[PDB]
Structures are given as structure tokens and as C-alpha cells.
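In what follows, every chain begins at residue 1, and chains take the letters A, B, ... in the order their sequences are listed.
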Amino acid sequence: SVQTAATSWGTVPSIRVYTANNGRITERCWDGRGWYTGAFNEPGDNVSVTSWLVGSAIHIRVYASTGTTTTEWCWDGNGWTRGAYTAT
Amino acid sequence: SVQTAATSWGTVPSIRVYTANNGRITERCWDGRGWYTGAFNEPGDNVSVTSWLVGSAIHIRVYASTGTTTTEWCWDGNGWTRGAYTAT
Amino acid sequence: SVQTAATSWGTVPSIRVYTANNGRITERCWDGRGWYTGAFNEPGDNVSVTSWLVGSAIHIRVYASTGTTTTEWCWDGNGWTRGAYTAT
Ligand SMILES: OC[C@@]1(O)OC[C@@H](O)[C@@H](O)[C@@H]1O
Ligand SMILES: OC[C@@]1(O)OC[C@@H](O)[C@@H](O)[C@@H]1O
Ligand SMILES: OC[C@@]1(O)OC[C@@H](O)[C@@H](O)[C@@H]1O
Ligand SMILES: OC[C@@]1(O)OC[C@@H](O)[C@@H](O)[C@@H]1O
Ligand SMILES: OC[C@@]1(O)OC[C@@H](O)[C@@H](O)[C@@H]1O
Ligand SMILES: OC[C@@]1(O)OC[C@@H](O)[C@@H](O)[C@@H]1O
């Protein structure tokens, strides 16, 4: 079936749910006012996520795997970019 | 194989481990006094979870996927209920 | 494809990413100074993880599943050991 990963922060809370479906990962967001589709959309058959706070900023890392290749995607306040993670 | 998701809170800690096995998700709980089977039992081939605290209350969200349908299950102090999440 | 699980702590942060690949789980670590391969290497087709702090100590629980058997692996400051978790 489809495969999901979830993270949350604060007391509202904000929630992010990533779904790997048919080889692509999309993102659903809850910030207390209804679910909506987030900016993240990248290839992947499997997804995991972790997030942390630094002061009042959220940092998200999404690990997207297709075949034996895992790409780390980073949210640090200004869009998603590929991170330095490799599996080695 | 079977597929799991885990979350934890506090310093004991409390741990919840969800296992999707043969199309159903069950829940194992640790609160410092041995593992036991929790109340959660719902359909699902894949599971993810996140949890947060608000004061001294735990909130748990379990994302249960069967086929292309993902159901959010909510624990907010008084049993499990379906939440508003949709994948769209 | 391969399957991952991720956790993080602190503000650096420290990140641990577990990958189940070809029936074994390995561990990649980030502590602010580059990714490296961690000590964890055990059988598993599926992996989940949770971690918590107690004061200034990290506790990690990795749930490694092969077939219908799930083994809990514990990091509590001094190597990985099997924990008491069972699925029942
Ligand atoms: O719109 C909300 C948003 O900016 O929140 C942070 C990330 O989850 C983004 O992908 C998402 O679009
Ligand atoms: O700022 C981005 C970055 O340095 O954040 C920490 C890790 O996720 C790294 O792989 C990643 O490149
Ligand atoms: O008995 C412990 C319990 O109430 O803890 C909160 C939830 O994890 C429930 O499913 C579970 O049964
Ligand atoms: O109180 C339940 C609820 O509002 O909690 C926040 C989100 O998990 C929603 O989908 C869900 O319906
Ligand atoms: O070297 C860093 C390390 O000790 O950090 C704690 C655990 O993640 C270990 O498996 C890992 O080797
Ligand atoms: O100290 C190890 C241990 O007691 O930690 C809490 C749970 O993870 C248990 O299954 C595990 O045996």
C-alpha cells in the first residue's frame, strides 16, 4: 500500500504527514486550521521524517528512498533542498 | 515483513509501538511496568505515528494506510476516533 | 525499495537514520560534523525508531522486524542490546 511518515511540533500542533504513493512523496499539513497540501513533492517509494526546533524555527528532514538511493530533503525556513546525507 | 511505528514521551518513558501485520494494526505499550497490548486495533497495511504533549496530556495521531486510503486515528485522552485527515 | 527511520535530538542536532536494505539494518549518524556510519548493524527488513532524553543522556529504541518477528534494540549510553519488547 501507500506508506506514510509523520512529525509534529508545538501545542496547536503543526503536523506534517508525508505519503509515498506510486513512486512519489507528497506532503499534507495541519497548522490548526484544516489540512492542506504542502510544497514538498519529490520522487520516493519510502519516506521517513524527523524535525526539531531551534528557538522558534522548525527544521525538517525527509529521507526519500527510491531503489537503493536515499535522498535527504531539508526544510530550514525557505524551501526544500537536497541535504548532504548519503547511505554509504 | 511486518511494519512498525514508534513514539515515546516523558522520562519513564511511555512508549507506544504500532505494528501493521497481515492487514491490521495493533498497539504495544510500555509505561515503565512491562509491555502490554493497547486498545488500538484497526485495519492497515502501513502505519506511522506522531505524538505531542499539551501540559500533562498526551495526544497521539496514527496514520493507517490500506491500499491508497489513509485514515488518521486520534487519541486525545478518551479513546481512539477517526480524525479529519485526508490525503487529497 | 529500502526503508528508513529517523530520529533527532538537541539543537545541533544529532540525527540518526536507520536503513533496512537487503534484510539488514544499518545506521548513519550526524552530530554536526559530517555523516558517518554508526555501530548499529542487525537483521531487519523493516525499522522504526524513537528516542528520548533523560537529563543529558540519549536513549534510543530501534524496532527491527524480519518476517513476523520484531526485536527491540536499545541504546542507553553503552552499546546496543536486545530489549524486553515482544509483539504478542
Ligand atoms: O505551507 C506550509 C509549509 O511551508 O510548511 C513548511 C513545510 O512543511 C512546507 O513544505 C509547507 O508548504
Ligand atoms: O543544513 C543542512 C544540513 O547540514 O543539515 C544537517 C544535515 O541534515 C545535513 O545532511 C544537511 O546538509
Ligand atoms: O492502556 C494504555 C492506553 O490507554 O494508553 C493510551 C493509548 O495508547 C491507548 O490505546 C492505550 O490503551
Ligand atoms: O481533534 C482532532 C483533530 O482536529 O486533531 C488535529 C488533527 O489531527 C485533525 O485531523 C483532527 O481531526
Ligand atoms: O558513534 C556514535 C554513536 O555511538 O552514537 C550513539 C549510537 O547511535 C551509536 O550506534 C553510534 O555509534
Ligand atoms: O532498559 C531497557 C528497557 O527496559 O527499556 C524500556 C523498554 O524499551 C524495555 O523493553 C527495555 O527492556
Side-chain angles (χ1 to χ4, degrees), chain A residues 1-67 69-87, chain B residues 5 7 46-52 59-65 67-74 83-88, chain C residues 1-9 11-19 28 30 32 35 48-49:
Chain A
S1 73
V2 308
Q3 184 263 331
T4 69
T7 191
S8 61
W9 59 91
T11 63
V12 177
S14 282
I15 311 171
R16 298 294 181 270
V17 182
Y18 300 87
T19 299
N21 169 23
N22 287 276
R24 300 202 61 93
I25 299 165
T26 59
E27 177 189 46
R28 294 285 277 168
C29 309
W30 172 271
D31 302 309
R33 319 183 76 209
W35 287 95
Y36 61 97
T37 295
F40 185 78
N41 189 319
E42 298 298 339
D45 299 304
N46 176 83
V47 63
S48 68
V49 64
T50 188
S51 66
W52 63 97
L53 284 72
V54 180
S56 68
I58 193 66
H59 299 271
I60 314 169
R61 298 294 181 271
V62 171
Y63 298 90
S65 299
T66 298
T69 301
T70 300
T71 302
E72 176 188 52
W73 292 96
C74 307
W75 175 275
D76 303 284
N78 180 47
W80 289 96
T81 61
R82 288 187 190 84
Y85 174 89
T86 58
Chain B
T7 191
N46 176 83
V47 63
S48 68
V49 64
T50 188
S51 66
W52 63 97
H59 299 271
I60 314 169
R61 298 294 181 271
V62 171
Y63 298 90
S65 299
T68 64
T69 301
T70 300
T71 302
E72 176 188 52
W73 292 96
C74 307
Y85 174 89
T86 58
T88 71
Chain C
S1 73
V2 308
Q3 184 263 331
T4 69
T7 191
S8 61
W9 59 91
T11 63
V12 177
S14 282
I15 311 171
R16 298 294 181 270
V17 182
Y18 300 87
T19 299
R28 294 285 277 168
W30 172 271
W35 287 95
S48 68
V49 64

Task: Under 3.5 Å donor-acceptor, A/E42 side chain and A/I25 backbone - done: no
Task: Main-chain N/O of A/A39 paired to A/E27 side chain as donor or acceptor, under 3.5 Å - done: yes
Task: A/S48 side, atom OG; A/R61 side, atom CZ - distance, nearest 0.5 Å - done: 12.5 Å
TODO: Please report the shortest heavy-atom distance between A/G44 and A/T66, naming the atom on each side.
DONE: CA-OG1, 3.3 Å
Task: CD-CG distance between A/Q3 and A/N46, expressed to the nearest 0.5 angstrom - done: 4.0 Å
Open item on the list: For a 4.5 angstrom cut-off between non-hydrogen side-chain atoms, does A/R28 reach B/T88?
Closed with: yes
Open item on the list: Please find the pair of heavy atoms, one from C/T4 and one from A/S65, that lie closest to each other, and give the distance.
Closed with: CG2-OG, 3.7 Å
- [ ] Please check if atom CZ in A/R24 has more than 12 non-hydrogen atoms from other residues, nucleotides or ligands closer than 6.0 Å.
- [x] yes
TODO: Would you check if B/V62 and B/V47 make a side-chain contact, meaning some heavy-atom pair closer than 4.5 Å?
DONE: yes
Open item on the list: Return the CG to OG1 distance between A/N22 and B/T68, rounded to the nearest 0.5 Å.
Closed with: 8.0 Å
Task: Smallest separation among heavy atoms of A/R16 and A/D31, with atom names - done: NH1-OD1, 2.9 Å
- [ ] Work out which heavy atom in A/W73 is nearest to a heavy atom in A/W80; give both atom names and the distance.
- [x] O-CZ3, 3.7 Å
Open item on the list: Which heavy atom of A/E72 sits nearest to which heavy atom of A/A84, and what is that distance?
Closed with: OE1-N, 3.3 Å
Open item on the list: Can you give me the closest heavy-atom contact between A/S8 and B/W52, atom names plus distance?
Closed with: OG-CE3, 3.7 Å
Task: From CA spacing to verdict: side chain to side chain contact (heavy atoms under 4.5 Å, CB included), C/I15, A/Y85 - done: CA-CA 10 Å; C/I15 311 171; A/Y85 174 89; over 6 Å; no
Task: Side-chain touch A/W9/A/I60, heavy atoms, less than 4.5 angstrom - done: yes
